[PDB]
Every structure is written in C-alpha cells, then in structure tokens.
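Engineer: Input structure: work04.pdb, which contains PDB, C-alpha atoms and all ligand atoms.
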ATOM      1  CA  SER J   1       0.000   0.000   0.000
ATOM      2  CA  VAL J   2       1.428   3.365  -1.113
ATOM      3  CA  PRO J   3      -0.230   6.549   0.221
ATOM      4  CA  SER J   4      -1.235   9.006  -2.515
ATOM      5  CA  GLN J   5       1.103  11.926  -3.257
ATOM      6  CA  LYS J   6      -1.266  13.760  -5.586
ATOM      7  CA  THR J   7      -1.296  17.513  -4.968
ATOM      8  CA  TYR J   8      -4.829  18.486  -3.947
ATOM      9  CA  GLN J   9      -5.780  21.960  -2.729
ATOM     10  CA  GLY J  10      -9.320  20.938  -1.870
ATOM     11  CA  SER J  11     -12.116  23.203  -0.702
ATOM     12  CA  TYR J  12      -9.887  25.303   1.530
ATOM     13  CA  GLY J  13      -7.178  25.997  -1.039
ATOM     14  CA  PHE J  14      -4.522  24.209   1.025
ATOM     15  CA  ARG J  15      -0.843  24.393   0.061
ATOM     16  CA  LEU J  16       2.605  24.572   1.656
ATOM     17  CA  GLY J  17       5.116  27.395   1.698
ATOM     18  CA  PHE J  18       8.826  27.552   2.424
ATOM     19  CA  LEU J  19      11.223  30.266   3.541
ATOM     20  CA  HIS J  20      14.018  31.546   1.333
ATOM     21  CA  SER J  21      17.026  30.504   3.365
ATOM     22  CA  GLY J  22      19.707  30.572   0.678
ATOM     23  CA  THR J  23      22.592  28.175   0.076
ATOM     24  CA  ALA J  24      25.443  29.379   2.307
ATOM     25  CA  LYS J  25      27.661  26.577   3.596
ATOM     26  CA  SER J  26      26.392  27.336   7.113
ATOM     27  CA  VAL J  27      22.659  27.025   6.312
ATOM     28  CA  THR J  28      20.860  24.228   8.239
ATOM     29  CA  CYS J  29      17.624  23.984   6.252
ATOM     30  CA  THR J  30      16.920  25.228   2.738
ATOM     31  CA  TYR J  31      14.209  24.599   0.166
ATOM     32  CA  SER J  32      14.625  24.304  -3.602
ATOM     33  CA  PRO J  33      11.516  25.336  -5.566
ATOM     34  CA  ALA J  34      13.091  24.104  -8.804
ATOM     35  CA  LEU J  35      13.521  20.612  -7.352
ATOM     36  CA  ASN J  36      10.555  20.752  -4.940
ATOM     37  CA  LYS J  37      13.073  19.489  -2.417
ATOM     38  CA  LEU J  38      13.991  20.398   1.160
ATOM     39  CA  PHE J  39      17.611  19.900   2.257
ATOM     40  CA  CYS J  40      18.266  19.839   6.008
ATOM     41  CA  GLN J  41      20.747  18.809   8.667
ATOM     42  CA  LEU J  42      20.006  15.987  11.068
ATOM     43  CA  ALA J  43      17.442  16.872  13.755
ATOM     44  CA  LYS J  44      17.486  20.593  12.928
ATOM     45  CA  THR J  45      14.390  22.809  12.773
ATOM     46  CA  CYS J  46      12.601  22.771   9.396
ATOM     47  CA  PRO J  47       9.951  25.489   9.107
ATOM     48  CA  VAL J  48       7.087  24.522   6.857
ATOM     49  CA  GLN J  49       4.263  26.999   6.188
ATOM     50  CA  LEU J  50       0.587  26.115   5.815
ATOM     51  CA  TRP J  51      -1.487  28.369   3.544
ATOM     52  CA  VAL J  52      -5.220  28.341   2.922
ATOM     53  CA  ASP J  53      -7.755  30.441   1.021
ATOM     54  CA  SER J  54     -10.442  29.867   3.649
ATOM     55  CA  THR J  55     -10.610  28.738   7.277
ATOM     56  CA  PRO J  56     -11.005  24.973   7.742
ATOM     57  CA  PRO J  57     -13.374  23.728  10.456
ATOM     58  CA  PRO J  58     -12.287  23.442  14.090
ATOM     59  CA  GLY J  59     -10.855  19.948  14.537
ATOM     60  CA  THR J  60      -9.039  19.944  11.199
ATOM     61  CA  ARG J  61      -5.575  18.381  11.537
ATOM     62  CA  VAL J  62      -2.289  18.325   9.626
ATOM     63  CA  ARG J  63      -0.428  15.039   9.176
ATOM     64  CA  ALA J  64       3.103  14.393   7.894
ATOM     65  CA  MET J  65       4.325  11.027   6.584
ATOM     66  CA  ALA J  66       7.446   9.956   4.700
ATOM     67  CA  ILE J  67       7.550   7.546   1.750
ATOM     68  CA  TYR J  68      10.332   6.405  -0.560
ATOM     69  CA  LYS J  69      10.306   8.313  -3.842
ATOM     70  CA  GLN J  70      11.586   5.585  -6.166
ATOM     71  CA  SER J  71       9.027   3.114  -7.523
ATOM     72  CA  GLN J  72      10.913   0.001  -6.416
ATOM     73  CA  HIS J  73      11.080   1.209  -2.810
ATOM     74  CA  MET J  74       7.849   3.163  -2.295
ATOM     75  CA  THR J  75       6.300   0.036  -0.755
ATOM     76  CA  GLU J  76       8.829  -0.083   2.091
ATOM     77  CA  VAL J  77       8.060   1.725   5.380
ATOM     78  CA  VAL J  78      10.335   4.713   6.053
ATOM     79  CA  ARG J  79      11.836   4.427   9.527
ATOM     80  CA  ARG J  80      14.901   5.381  11.539
ATOM     81  CA  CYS J  81      17.977   3.196  11.136
ATOM     82  CA  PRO J  82      19.077   0.614  13.693
ATOM     83  CA  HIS J  83      21.504   3.068  15.262
ATOM     84  CA  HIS J  84      19.272   6.129  15.535
ATOM     85  CA  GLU J  85      16.228   4.239  16.786
ATOM     86  CA  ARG J  86      18.366   3.292  19.830
ATOM     87  CA  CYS J  87      20.161   6.545  20.641
ATOM     88  CA  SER J  88      17.729   7.668  23.356
ATOM     89  CA  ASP J  89      17.212  11.121  21.872
ATOM     90  CA  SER J  90      13.517  10.980  22.697
ATOM     91  CA  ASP J  91      11.622  14.216  23.266
ATOM     92  CA  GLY J  92       9.166  12.375  25.509
ATOM     93  CA  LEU J  93       6.459  12.190  22.836
ATOM     94  CA  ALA J  94       7.855  10.830  19.565
ATOM     95  CA  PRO J  95       8.486   7.083  19.369
ATOM     96  CA  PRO J  96      12.242   6.500  18.824
ATOM     97  CA  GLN J  97      11.500   4.745  15.489
ATOM     98  CA  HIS J  98       9.837   7.740  13.823
ATOM     99  CA  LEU J  99      11.788   9.700  11.230
ATOM    100  CA  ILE J 100       9.578  12.798  11.365
ATOM    101  CA  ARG J 101       8.919  14.756  14.539
ATOM    102  CA  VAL J 102       7.041  17.952  15.186
ATOM    103  CA  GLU J 103       9.071  20.257  17.349
ATOM    104  CA  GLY J 104       7.548  22.262  20.207
ATOM    105  CA  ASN J 105       3.889  21.276  19.939
ATOM    106  CA  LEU J 106       2.429  19.523  22.962
ATOM    107  CA  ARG J 107      -0.620  18.432  20.962
ATOM    108  CA  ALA J 108       1.457  16.450  18.455
ATOM    109  CA  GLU J 109       0.297  12.856  18.107
ATOM    110  CA  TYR J 110       2.336  10.004  16.673
ATOM    111  CA  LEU J 111       0.693   7.169  14.789
ATOM    112  CA  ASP J 112       1.841   3.655  14.010
ATOM    113  CA  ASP J 113      -0.712   2.532  11.408
ATOM    114  CA  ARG J 114      -2.195  -0.812  12.462
ATOM    115  CA  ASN J 115      -2.508  -1.950   8.832
ATOM    116  CA  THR J 116       0.270  -0.343   6.785
ATOM    117  CA  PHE J 117       2.661  -0.043   9.735
ATOM    118  CA  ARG J 118       3.628   3.395   8.429
ATOM    119  CA  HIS J 119       4.520   6.186  10.864
ATOM    120  CA  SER J 120       3.049   9.689  10.869
ATOM    121  CA  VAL J 121       2.848  12.723  13.144
ATOM    122  CA  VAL J 122      -0.299  14.850  13.271
ATOM    123  CA  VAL J 123      -1.156  18.193  14.892
ATOM    124  CA  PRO J 124      -4.255  20.378  15.111
ATOM    125  CA  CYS J 125      -4.606  22.930  12.326
ATOM    126  CA  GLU J 126      -4.500  26.358  13.974
ATOM    127  CA  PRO J 127      -4.906  29.909  12.642
ATOM    128  CA  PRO J 128      -1.842  32.124  12.219
ATOM    129  CA  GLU J 129      -0.467  34.156  15.094
ATOM    130  CA  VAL J 130      -1.884  37.667  15.197
ATOM    131  CA  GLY J 131      -0.178  39.668  12.481
ATOM    132  CA  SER J 132       0.782  36.674  10.336
ATOM    133  CA  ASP J 133      -0.768  35.317   7.129
ATOM    134  CA  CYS J 134       0.111  31.620   7.464
ATOM    135  CA  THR J 135       0.806  29.025  10.116
ATOM    136  CA  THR J 136       4.222  27.449  10.542
ATOM    137  CA  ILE J 137       4.934  23.916  11.732
ATOM    138  CA  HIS J 138       8.473  23.026  12.765
ATOM    139  CA  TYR J 139       9.571  19.542  11.674
ATOM    140  CA  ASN J 140      12.694  17.533  12.510
ATOM    141  CA  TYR J 141      14.135  14.671  10.439
ATOM    142  CA  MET J 142      15.873  12.246  12.715
ATOM    143  CA  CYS J 143      18.099  10.240  10.337
ATOM    144  CA  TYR J 144      20.437  11.132   7.481
ATOM    145  CA  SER J 145      19.356  10.082   3.982
ATOM    146  CA  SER J 146      22.578   8.046   3.998
ATOM    147  CA  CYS J 147      21.893   6.064   7.203
ATOM    148  CA  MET J 148      22.797   2.408   6.721
ATOM    149  CA  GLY J 149      19.943   0.005   7.453
ATOM    150  CA  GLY J 150      17.596   2.977   7.235
ATOM    151  CA  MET J 151      17.004   5.244   4.252
ATOM    152  CA  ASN J 152      20.371   4.031   2.910
ATOM    153  CA  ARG J 153      20.783   6.797   0.312
ATOM    154  CA  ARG J 154      17.227   6.372  -0.992
ATOM    155  CA  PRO J 155      15.358   9.651  -1.595
ATOM    156  CA  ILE J 156      12.130  10.212   0.338
ATOM    157  CA  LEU J 157       9.099  12.424  -0.005
ATOM    158  CA  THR J 158       7.204  14.010   2.846
ATOM    159  CA  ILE J 159       3.450  14.038   2.263
ATOM    160  CA  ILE J 160       1.493  16.621   4.228
ATOM    161  CA  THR J 161      -2.243  16.046   4.436
ATOM    162  CA  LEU J 162      -4.979  18.287   5.720
ATOM    163  CA  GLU J 163      -7.580  16.032   7.386
ATOM    164  CA  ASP J 164     -10.928  16.449   9.054
ATOM    165  CA  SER J 165     -11.500  15.247  12.613
ATOM    166  CA  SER J 166     -12.252  11.721  11.279
ATOM    167  CA  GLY J 167      -9.061  11.571   9.243
ATOM    168  CA  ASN J 168     -10.779  12.113   5.890
ATOM    169  CA  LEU J 169      -8.797  13.921   3.190
ATOM    170  CA  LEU J 170      -9.257  17.687   2.815
ATOM    171  CA  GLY J 171      -6.009  18.634   1.105
ATOM    172  CA  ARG J 172      -2.582  17.278   0.194
ATOM    173  CA  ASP J 173       0.867  18.588  -0.729
ATOM    174  CA  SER J 174       4.352  17.027  -0.780
ATOM    175  CA  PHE J 175       8.080  17.663  -1.176
ATOM    176  CA  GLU J 176      11.242  15.599  -1.524
ATOM    177  CA  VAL J 177      13.668  15.646   1.420
ATOM    178  CA  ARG J 178      17.408  15.111   1.709
ATOM    179  CA  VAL J 179      18.823  15.017   5.230
ATOM    180  CA  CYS J 180      22.518  15.723   4.869
ATOM    181  CA  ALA J 181      25.533  17.393   6.456
ATOM    182  CA  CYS J 182      25.721  20.362   4.060
ATOM    183  CA  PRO J 183      22.265  21.337   2.731
ATOM    184  CA  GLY J 184      23.529  24.530   1.079
ATOM    185  CA  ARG J 185      26.177  22.757  -0.957
ATOM    186  CA  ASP J 186      23.908  19.863  -1.832
ATOM    187  CA  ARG J 187      21.081  22.161  -2.966
ATOM    188  CA  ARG J 188      23.519  24.152  -5.113
ATOM    189  CA  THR J 189      24.836  20.934  -6.656
ATOM    190  CA  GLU J 190      21.469  19.355  -7.425
ATOM    191  CA  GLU J 191      20.143  22.607  -8.881
ATOM    192  CA  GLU J 192      23.198  22.774 -11.151
ATOM    193  CA  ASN J 193      22.716  19.157 -12.227
ATOM    194  CA  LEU J 194      19.084  19.919 -13.104
ATOM    195  CA  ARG J 195      20.023  22.996 -15.135
ATOM    196  CA  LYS J 196      22.468  20.875 -17.146
ATOM    197  CA  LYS J 197      19.982  18.022 -17.568
TER     198      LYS J 197
HETATM  199  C1  LIG J 201      -6.001  36.495   3.517
HETATM  200  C2  LIG J 201      -7.341  36.273   4.198
HETATM  201  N1  LIG J 201      -7.788  34.807   4.022
HETATM  202  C3  LIG J 201      -7.067  34.145   2.853
HETATM  203  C4  LIG J 201      -7.731  34.465   1.523
HETATM  204  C5  LIG J 201      -7.749  34.063   5.376
HETATM  205  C6  LIG J 201      -6.627  34.527   6.300
HETATM  206  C7  LIG J 201      -6.958  33.923   7.654
HETATM  207  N2  LIG J 201      -6.931  32.418   7.557
HETATM  208  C8  LIG J 201      -7.245  31.815   8.875
HETATM  209  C9  LIG J 201      -6.646  30.442   9.006
HETATM  210  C10 LIG J 201      -7.297  29.505   9.810
HETATM  211  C11 LIG J 201      -6.745  28.221   9.977
HETATM  212  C12 LIG J 201      -7.457  27.293  10.798
HETATM  213  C13 LIG J 201      -8.058  26.509  11.479
HETATM  214  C14 LIG J 201      -8.790  25.550  12.308
HETATM  215  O1  LIG J 201     -10.162  25.919  12.393
HETATM  216  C15 LIG J 201      -5.538  27.887   9.341
HETATM  217  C16 LIG J 201      -4.907  28.857   8.537
HETATM  218  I1  LIG J 201      -3.058  28.383   7.595
HETATM  219  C17 LIG J 201      -5.426  30.145   8.349
HETATM  220  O2  LIG J 201      -4.831  31.083   7.558
HETATM  221  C18 LIG J 201      -7.867  31.885   6.515
HETATM  222  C19 LIG J 201      -7.638  32.544   5.159
HETATM  223 ZN    ZN J 202      20.007   6.987  11.224
END
Just give me the structure as structure tokens.
Structural biologist:
Amino acid sequence: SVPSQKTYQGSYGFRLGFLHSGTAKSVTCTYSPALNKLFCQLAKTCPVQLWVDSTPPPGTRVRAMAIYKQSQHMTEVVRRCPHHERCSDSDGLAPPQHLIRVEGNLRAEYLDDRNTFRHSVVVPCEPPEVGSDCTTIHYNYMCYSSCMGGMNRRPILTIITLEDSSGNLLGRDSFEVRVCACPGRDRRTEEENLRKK
C-alpha cells in the first residue's frame, strides 16, 4: 500500500510554503523550488508553512508522513535506522522509530498505522499568530538520507495532508527531502545538475 502523493488543494485551497534561506555553507535547512526538495541537517528545525484560502473547520488536523520516492522502494516503510532508533534522543512524545517529529507542539500525536505499519505525526490545524498570514509547523528529520539500514541513500518524499476530525482527506501537498551534512552545498549541486539536464 502506497499513500497518494497527488497535490490536492481541496475546498480550503490548502498548500505549503517555504522560507528563502539561501545556500550558504552554514545554512541548516533550505528549500529548492526548482527541485521541490527540502535539504536539512540531522534533527534541525525545518519550518514549513501552511497556507489556505479559507478557514477549515475546528478539529481539522495536519499530518506528515514519509515515503520512498523511487518506484521500487515506495512500498517499504520509512523508519529510523538501527543506530538512531536506539540513541535515546527521545523528546518524551515521539516514538524513537519515527523519522519525522514535530518540534515544540504539545498536541502532536504520533501514529503507528495498524494496517500499513507506516509512521506519521499529526497536529491540530491552527490559525496564524496575530499579524501573520500563514501558520508554521516546525519539523525535525531524525536520520540522514545516507543512514545504513535505514534510508540508505534512498530519496524520500514528505506528504502533508490536511484532514478532518475523522481523518478524511481535505487537502494534500508534498516535497522531496534530503537530510545531509551540508544542505547549502547539496542544494547548489542538485540545482546545477538539473540545469544541465
Ligand atoms: C487572507 C485572508 N484569508 C485568505 C484568503 C484568510 C486569512 C486567515 N486564515 C485563517 C486560518 C485559519 C486556519 C485554521 C483553522 C482551524 O479551524 C488555518 C490557517 I493556515 C489560516 O490562515 C484563513 C484565510
Ligand atoms: Zn540513522
């Protein structure tokens, strides 16, 4: 079973947004619009914006899940490697096996799907802070793309779904992720490769 990755704005005009963080060697998280790909360091804060055209109902939630991008792997559950799942870096809420965490939200819930065994983290959808136009969720990715016995150099996608209180689909967006030591350099490289290709 592979979760859908079809972009779907839905009734509320749901879509993601990303900051413009640049590609300096020191940058810890940076998004490439050309590649639709986020590059980030291990366990560092990744701001992801939520934008809507109209207010979803109270009880709406926002779920994040990782899948493998490549066809021959998409069927395999994305999880932390055998080292990182045992390094006791728990925040008290996230299971140690989960790749994706939400940082600094006490209402975050972590799901191990009883049928697909896939992991996800879900939070309530909330309106922007006074003065802002969108809401920001802070994600952490808790393994490197290169982790042996884990992602093992396989590219992943994060799928973000807007859900009603029952879990029914209201909206969907997605982006590729590379968790790496030097996001700035890697983004610059992959953008250059694309331009040549
Ligand atoms: C520019 C003026 N229009 C856009 C055309 C509105 C701006 C105000 N927002 C309110 C709003 C509510 C929720 C929520 C919730 C749970 O009930 C989540 C988000 I992100 C959010 O932006 C709605 C859109
Ligand atoms: Zn790992």
Engineer: Taking the file as I've supplied it (selection: the PyMOL selection byres (((not hetatm)) within 8 of (chain J and resi 202))), which residues are included? Please answer as a VMD selection string.
Structural biologist: chain J and resid 80 to 85 142 to 151
Engineer: Let me see if you get this right: every residue at most 9 Å from ligand LIG 201 (chain J), counting only C-alpha atoms and all ligand atoms, written as a list in words.
Structural biologist: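 Sorted by chain and then by number, the residues are residues 12, 13, 14, 15, 49, 50, 51, 52, 53, 54, 55, 56, 57, 58, 59, 60, 61, 124, 125, 126, 127, 128, 132, 133, 134, 135 and 136 of chain J.
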Engineer: Given the choices J:71, J:158, J:41, J:11, which gets closest to residue J:176 if the distance is worked out from all atoms listed in the file?
Structural biologist: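 Ranked by minimum distance to residue J:176, first place goes to J:158.
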Engineer: Once the PyMOL selection byres (((chain J and resi 42) around 10) and not hetatm) has been evaluated on this model, what residues remain selected, and can you format them as an mmCIF file with C-alpha atoms, in the coordinates of the input?
Structural biologist:
data_model
loop_
_atom_site.group_PDB
_atom_site.id
_atom_site.type_symbol
_atom_site.label_atom_id
_atom_site.label_comp_id
_atom_site.auth_asym_id
_atom_site.auth_seq_id
_atom_site.Cartn_x
_atom_site.Cartn_y
_atom_site.Cartn_z
ATOM 1 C CA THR J 28 20.860 24.228 8.239
ATOM 2 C CA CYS J 29 17.624 23.984 6.252
ATOM 3 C CA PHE J 39 17.611 19.900 2.257
ATOM 4 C CA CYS J 40 18.266 19.839 6.008
ATOM 5 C CA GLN J 41 20.747 18.809 8.667
ATOM 6 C CA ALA J 43 17.442 16.872 13.755
ATOM 7 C CA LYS J 44 17.486 20.593 12.928
ATOM 8 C CA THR J 45 14.390 22.809 12.773
ATOM 9 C CA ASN J 140 12.694 17.533 12.510
ATOM 10 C CA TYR J 141 14.135 14.671 10.439
ATOM 11 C CA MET J 142 15.873 12.246 12.715
ATOM 12 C CA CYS J 143 18.099 10.240 10.337
ATOM 13 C CA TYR J 144 20.437 11.132 7.481
ATOM 14 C CA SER J 145 19.356 10.082 3.982
ATOM 15 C CA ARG J 178 17.408 15.111 1.709
ATOM 16 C CA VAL J 179 18.823 15.017 5.230
ATOM 17 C CA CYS J 180 22.518 15.723 4.869
ATOM 18 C CA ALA J 181 25.533 17.393 6.456
#
Engineer: Determine the nearest neighbour of residue J:10 from the options J:131, J:171, J:22, J:95, counting only C-alpha atoms.
Structural biologist: J:171
Engineer: Which of these, J:189, J:98, J:38, J:183, has the shortest distance to residue J:121 once you count all atoms listed in the file?
Structural biologist: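 Among J:189, J:98, J:38, J:183, it is J:98 that comes nearest to residue J:121.
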Engineer: Excluding residue J:74 and its own-chain neighbours fewer than 6 positions away, which residues fall within 9 Å of it when counting only C-alpha atoms? Please give them as a ChimeraX atom specification.
Structural biologist: /J:1-2,67-68,156
Engineer: Write the residues of the preceding selection, restricted to C-alpha atoms, as a tab-separated table (two decimals), keeping the file's coordinate frame.
Structural biologist:
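Everything below was put into part-v9.tsv:
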chain	number	residue	atom	x	y	z
J	1	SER	CA	0.00	0.00	0.00
J	2	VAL	CA	1.43	3.36	-1.11
J	67	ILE	CA	7.55	7.55	1.75
J	68	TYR	CA	10.33	6.40	-0.56
J	156	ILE	CA	12.13	10.21	0.34
Engineer: (6.6, 8.8, 10.0) in this file's frame - what residues fall within 9 Å of it? Use all atoms listed in the file and give the answer as a list in words.
Structural biologist: residues 64, 65, 66, 67, 77, 78, 79, 97, 98, 99, 100, 101, 110, 111, 112, 118, 119, 120, 121 and 158 of chain J
Engineer: Please evaluate the PyMOL selection byres (((chain J and resi 62) around 6) and not hetatm) against the structure above and give the resulting residues as a ChimeraX atom specification.
Structural biologist: /J:61,63,122-123,125,161-162
Engineer: Take the residues just selected and output them with C-alpha atoms as a short mmCIF file (atom, residue, chain, number, x, y, z; two decimals), keeping the file's coordinate frame.
Structural biologist:
data_model
loop_
_atom_site.label_atom_id
_atom_site.label_comp_id
_atom_site.auth_asym_id
_atom_site.auth_seq_id
_atom_site.Cartn_x
_atom_site.Cartn_y
_atom_site.Cartn_z
CA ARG J 61 -5.58 18.38 11.54
CA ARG J 63 -0.43 15.04 9.18
CA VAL J 122 -0.30 14.85 13.27
CA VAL J 123 -1.16 18.19 14.89
CA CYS J 125 -4.61 22.93 12.33
CA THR J 161 -2.24 16.05 4.44
CA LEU J 162 -4.98 18.29 5.72
#
Engineer: Between J:19, J:46, J:94, J:194, which residue has the minimum interatomic distance to residue J:108, considering all atoms listed in the file?
Structural biologist: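 Of J:19, J:46, J:94, J:194, the one nearest residue J:108, counting all atoms listed in the file, is J:94.
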Engineer: What does the structure give for the distance between atom CA of residue J:70 and atom CA of residue J:102, in Å to one decimal?
Structural biologist: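 Between these atoms lies a distance of 25.1 Å.
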Engineer: Mind pulling up the distance from atom CA of residue J:4 to atom CA of residue J:157?
Structural biologist: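 Going from atom CA of residue J:157 over to atom CA of residue J:4 covers 11.2 Å.
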Engineer: Between atom CA of residue J:96 and atom CA of residue J:114, what distance in Å does the model show, to one decimal?
Structural biologist: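 Value for the atom CA of residue J:96-atom CA of residue J:114 distance: 17.4 Å.
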Engineer: Could you check which of J:93, J:137, J:106, J:159 is closest to residue J:5, using all atoms listed in the file?
Structural biologist: J:159
Engineer: Given the choices J:88, J:24, J:116, J:163, which gets closest to residue J:3 if the distance is worked out from all atoms listed in the file?
Structural biologist: J:116
Engineer: What lies within 7 Å of residue J:182 using only C-alpha atoms, ignoring chain neighbours under 3 positions off, as a ChimeraX atom specification?
Structural biologist: /J:25,41,185-186
